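Heads up, the thing below is written out as structure tokens.
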Amino acid sequence: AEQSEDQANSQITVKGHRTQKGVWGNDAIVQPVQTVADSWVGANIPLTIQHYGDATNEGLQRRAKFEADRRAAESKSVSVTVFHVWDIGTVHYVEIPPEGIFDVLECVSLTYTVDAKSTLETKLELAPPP
Amino acid sequence: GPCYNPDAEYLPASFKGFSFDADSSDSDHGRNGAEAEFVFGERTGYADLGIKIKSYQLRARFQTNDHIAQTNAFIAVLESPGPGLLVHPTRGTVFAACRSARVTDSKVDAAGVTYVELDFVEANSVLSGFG
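Note that the protein sequences, when read in sequence, are chains G and W.
The first sequence lines up with residues 230 to 314, 322 to 366 when you count with UniProt numbering.
The second sequence lines up with residues 3 to 133 when you count with UniProt numbering.
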């Protein structure tokens with residue numbers, strides 16, 4: 230398990246421009262902005278990921294939350310190798333007390349390996365319990 | 003036993019047609035699998051993965067006035083291309099391929115005898131392609 234801190238971000242500000250029909254000037258150059266926050270990281274690690282289509286309030290916040298789930302899901306990566314060989325999006329309860337995991341996690345990856353000698357093992361990469 | 007006739011119970015060894023007299027006969031059977039040792043756990047796993055390839059090891063002797071010609075002929079046979087049929091003295095007929103054949107032959111220490119240490123492997127046919 231590795232929950233680093235170089236790939237997190239407190240405030241994600243999404244800006245852009247409005248691409249609707251008729252909308253021009255301020256309502257298409259000035260207004261569109263949004264500031265979503267992840268009240269788990271810590272100090273002010275700001276950011277600004279700009280938008281590239283029809284910047285609506287919902288569009289802004291949604292791109293924002295998408296990346297705020299990417300960075301989140303990269304800030305606790307749990308690679309486990311299990312024994313014998322259905323989890324591409326499955327959630328499981330995982331218990332690793334020594335590193336303080338008592339939580340429900342989503343498997344992002346799944347790798348079955350084999351080799352007639354010493355193998356048959358499955359490697360899972362999991363998803364953080366924010 | 004007391005009336006055990008050896009040469010009426012051991013098969014005369016021969017490889018790829020050429021016959022010879024063997025001095026030993028071994029085998030290397032087995033069953034290969036994994037071994038699971040989950041951390042912090044009082045439990046262990048095992049998974050059977052298949053069949054371990056068989057291998058035979060023999061020692062041929064040549065004690066005859068023309069042992070040099072016999073050993074040369076046997077060398078010429080063992081270096082033939084492709085696997086061939088082997089008569090293991092205690093396992094009968096198999097299809098093996100020679101993998102090593104050391105030829106010990108001294109003069110000022112033991113002249114007259116020539117020893118060959120042979121190493122065969124179970125070589126089963128295949129079906130070219132992706133089977």
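The C-beta atom is built at its ideal place from N, Cα and C for all residues, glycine as well.
For G:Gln-240 and G:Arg-300, believed in contact at Cβ under 8 Å, the rounded distance: Wrong, their Cβ atoms sit about 12 Å apart, outside the cutoff.
Based on the DSSP secondary-structure assignment, which residues constitute the bridge partners of W:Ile-53? Per DSSP, none; premise fails for W:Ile-53.
Helix, strand or coil for W:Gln-65? Go by DSSP, reduced to three states. strand
Take W:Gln-72 and list the residues in its own chain whose beta-carbon comes closer than 7 Å to its own, dropping the five residues that flank it on each side. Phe-64, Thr-66
Quick one: is W:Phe-132 buried, meaning 16 or more other Cβ sit within 10 Å of its Cβ, or exposed? exposed
Any beta carbon of chain G sitting closer than 8 Å to that of W:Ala-36? yes
Nearest chain G C-beta to W:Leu-87 closer than 8 Å, yes or no? no
Residues in the segment 343-355 of chain G with C-beta within 7 Å of chain W's C-beta atoms, listed in sequence order? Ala-352, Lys-353, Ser-354, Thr-355
Determine the extent of the alpha helix (DSSP H) in which W:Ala-125 is found, giving its start and end residues. Segment: none, W:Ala-125 is in no alpha helix (DSSP H) and carries neither H nor E.
Could you say which of W:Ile-55, W:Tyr-6, W:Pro-83 lies nearest to W:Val-123 if we only look at CA atoms? W:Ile-55
Extent of the continuous beta strand (DSSP E) run through G:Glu-287: Where G:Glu-287 is concerned, there is no enclosing beta strand (DSSP E), although the alpha helix (DSSP H) it sits in stretches over 286-303.
Check each residue of the segment 44-60 of chain W: if its Cβ is closer than 7 Å to any Cβ of chain G, include it; give the result in chain order. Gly-47, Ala-49, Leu-51, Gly-52
Just the chain W side, please: which residues come within less than 9 Å of G:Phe-312 by C-beta, in chain order? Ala-36, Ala-38, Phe-40, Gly-47, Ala-49
On the three-state DSSP scale, how would you describe G:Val-309? strand
W:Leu-13 versus W:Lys-109 - alpha carbon distance: 31 Å
Cα separation between G:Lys-305 and G:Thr-326? 17 Å
Straight-line CA distance for W:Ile-53 to W:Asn-34? 6 Å
W:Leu-60 vs W:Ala-15 beta-carbon contact at 8 Å: yes
So what does DSSP say about residue 135 of chain W, is it helix, strand or coil? The structure shown has nothing for residue 135 of chain W, since chain W only spans 3 to 133.
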